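Given next, in structure tokens, is a single chain: the form deposited in one PDB entry.
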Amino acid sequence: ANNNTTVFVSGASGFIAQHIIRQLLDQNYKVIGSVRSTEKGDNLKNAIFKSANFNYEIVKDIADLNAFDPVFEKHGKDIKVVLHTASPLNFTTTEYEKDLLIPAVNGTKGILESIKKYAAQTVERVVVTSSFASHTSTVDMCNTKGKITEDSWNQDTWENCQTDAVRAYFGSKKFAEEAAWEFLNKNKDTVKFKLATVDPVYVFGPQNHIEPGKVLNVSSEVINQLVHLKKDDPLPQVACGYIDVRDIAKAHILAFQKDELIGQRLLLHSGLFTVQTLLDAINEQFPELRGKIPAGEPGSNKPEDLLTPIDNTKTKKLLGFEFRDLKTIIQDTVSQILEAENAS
């Protein structure tokens, strides 16, 4: 029955999306992904996924509100599930409303309007990839006396998130997700689909695919960065929650399969980290790197002493599977990096 179900995945080349599609194909779903070019789609179909159940459509700019109209006109009677993972390109700008906020909101509104136009009674489930940033501003992320849950919202306004590039990016995620819930509320009787959102913290984990022989490109930066720093190199400053990419992918799939996930914001978060946390874990699990990478200041910079606590009890109860912990993430991520460089 899964092969009788077509799932549309926007932004199919992405880090999260590739794991979603791998998992979907492993469950014998029919998948149409959207890609920015024929060469990317072909590389995906024939070098990465290698499946007759993966098709692709070209969608170049999700800031265009009509970007998904051709897809749903062509396939509007077949797509039962939409996993909307695509985000606008993030680039340096000082015009945050024009270059960040408006494209992010249109990036959500567009595909929903396409569904309303061409597939209102066919699409049964939509899952939108959102962000921890819809739950908190950057300015509210470092309050050890507060608490963030799935019902928390980033409190910034359209105007005050524009003070700086990271805060504006956080605001773009907030307003993009708000647009999804607002669309659903305004169209409750016009469209059939049920909506959930998957809202991840900082994403760690192994690449779905590595092409060998290459400098290795990795989709989550900080672990690969630390692995390649020398002993005396100055340390980056990075603190957030962490979540494995494969758990995010699995959550998206449950979020269209399971009726208990309907209408929920799912906070995809396994634990807190600072760079010290990562160094401690990497040094412990990879003897070959001790004395080669930084040690940092073990015991300093505990994330509990810096970050607003995150309580995602609801999400963990509803998803019903155990998130990978930091040790597993570091083992899988670092061993993939080291083996790939060994092979090249």
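In case it trips you up, residue 1 is the first one in the sequence shown, and so on. For clarity, a rigid core is taken as the largest C-alpha set superposing within 1.5 Å between two forms.
Quiz item: Can you say how many deposited residues have no coordinates in the span between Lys77 and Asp78, choosing none, 1 to 3, 4 to 9, or 10 or more?
Solution: Per the deposited record, the segment joining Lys77 and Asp78 has no missing residues.
Quiz prompt | Higher-B stretch (mean Cα B-factor, as the entry records it), 95-103 or 130-138 | solution = Per the PDB record, 95-103.
Exercise. Name the higher of the two by mean Cα B-factor in the PDB entry, 193-201 versus 86-94.
Key: Here the higher of the two C-alpha B-factor means belongs to 86-94.
Quiz item: From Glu113, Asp156, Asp247, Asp151, pick the one with the largest CA B-factor in the entry?
Solution: Largest recorded C-alpha B-factor: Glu113.
Exercise. Between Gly146, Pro206, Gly171, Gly241, let me know which has the highest C-alpha B-factor in the entry?
Key: It is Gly146.
Quiz item: Which third, lowest, middle or highest, does the CA B-factor of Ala176 fall in along this chain?
Solution: Middle third by C-alpha B-factor.
Quiz item: Within this chain, which third does the Cα B-factor at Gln336 fall in: lowest, middle or highest?
Solution: Highest third, going by the recorded CA B-factors of the chain.
Practice problem: Could you look up the Cα B-factor of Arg125 in the entry and say which third of the chain it sits in: lowest, middle or highest? | Solution: Middle third of the chain for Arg125's C-alpha B-factor.
Self-check item: Within-chain third of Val215 by Cα B-factor, per the entry
Solution: Answer is highest: the recorded C-alpha B-factor places it there.
Quiz item: Hey, what third does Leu235 fall into on Cα B-factor, ranked over its chain?
Solution: CA B-factor rank for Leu235: highest third.
Only in words, not in the display: the form deposited in another entry, which the text now covers.
Quiz item: Looking at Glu95, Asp151, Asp259, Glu73, which has a Cα shift of 2 angstroms or more between the shown form and the other one when the rigid core is held fixed?
Solution: Shifted by 2 Å or more: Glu95 only.
Exercise. Would you say whether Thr163 is displaced between the shown form and the other one, judging by a C-alpha shift of 2 Å or more on the superposed rigid core?
Key: Comparing forms between the shown form and the other one, the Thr163 CA shifts at least 2 Å.
Self-check item: Direction of C-alpha distance change in the other entry, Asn90 to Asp332 (at least 3 Å)
Solution: Relative to the displayed form, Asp332 and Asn90 draw closer in the other entry - a change of at least 3 Å between their C-alphas.
Quiz prompt | in the other entry, whether the C-alpha atoms of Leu89 and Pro70 sit closer or farther than here (change of 3 Å or more) | solution = Relative to the displayed form, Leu89 and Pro70 move farther apart in the other entry - a change of at least 3 Å between their C-alphas.
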